[PDB]
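Chain and residue survey
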Amino acid sequence: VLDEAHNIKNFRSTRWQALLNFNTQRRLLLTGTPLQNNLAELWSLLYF
DNA sequence: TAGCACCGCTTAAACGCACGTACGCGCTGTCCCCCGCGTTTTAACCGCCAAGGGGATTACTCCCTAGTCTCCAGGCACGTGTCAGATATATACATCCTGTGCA
């Protein structure tokens, strides 16, 4: 689980890459109101 | 022609040995500072936010530069002559001996 997924928003960040590499069986992303953000970040999250 | 070898005097630098003394080491007590450790503070990076500047590399294009052969005539190097210095030895008395005439 990731809380406050809005912090993930930048796929260019190193933490985004690290998190993506982490082997997991299921993933849950929790954030208040991501839809506020530009489409690009939404795509990033969906790619995650 | 510069190094090698043997001659063979002349010191003097090495050497053995003697005495002592002041230096190095063993042990002392002291005390202060720098380690082992705990708590606070600072320096640094991630991510924000994505670039523009300007720098090093790369190439083309003359052209100027001194690599080249060559003559001219020299100024620099190899040597001999001259001048000076350090060494050598007479001298004008220096430092004295010694028979003998004088007090």
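Chain by chain, residues are numbered from 1 following the written sequence, and this numbering need not agree with the entry; no residue without coordinates is displayed. Chains carry letters and ligands carry numbers; both start at the beginning, A for chains and 1 for ligands, and go up in the order they are written. Only a portion of a larger assembly is shown here, and every reported value applies to that portion alone. Side-chain metrics rest on all non-hydrogen atoms present in the structure, leaving aside hydrogens and water.

For this entry, the PDB record names cryo-EM as the structure determination method and reports a resolution of 4.4 Å.

A word on the nonpolar core
Grouped burial of nonpolar side chains is what soluble globular proteins tend to show. By size, the foremost hydrophobic cluster in this structure holds 6 residues: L2, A5, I8, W16, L45 and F48. Contacts of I8, omitting those with residues within four sequence positions, involve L2, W16, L19, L29 and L45. Here, nonpolar core refers to any group of buried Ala, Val, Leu, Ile, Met, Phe, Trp, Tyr and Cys residues whose side-chain atoms link them within 4.5 Å. Relative accessibility thresholds used throughout: buried, under 20% of the residue-type maximum; exposed, over 50%; partly exposed, between the two (1.4 Å probe, protein chains only). We call two residues in contact when some of their heavy atoms are within 4.5 Å.

Observations regarding the protein's contact with DNA strand B
When at least one non-hydrogen atom of a residue lies within 4 Å of a molecule or strand, that residue is treated as near it. Close to DNA strand B lie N10, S13, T14 and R15, which account for all nearby residues. For DNA strand B, the backbone portion of the atoms within 4 Å of the protein, that is sugar and phosphate, comes to 100%. Here a polar contact is taken to be a pair of N or O atoms separated by no more than 3.5 Å, where protein atoms must pair a possible hydrogen donor with a possible acceptor and residues adjacent in sequence count only if both atoms sit in side chains. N10 has a polar side-chain atom sitting 2.4 Å from a phosphate oxygen of DNA strand B.

Quick word on unusual backbone geometry
Phi angles above zero are rare outside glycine, and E4 is one such case at about 55 degrees. Locating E4 in the fold gives a position in the segment before α1 (14-21). A positive phi is found at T33, a non-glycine position, where the angle reads about 45 degrees. Numbered from the N terminus, helices here are DSSP runs of H or I no shorter than four residues, and strands are runs of E no shorter than two. Tracing the chain through its elements places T33 in the loop between α1 and α2 (39-47). For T33, a relative accessible area of 58% gives the class exposed.

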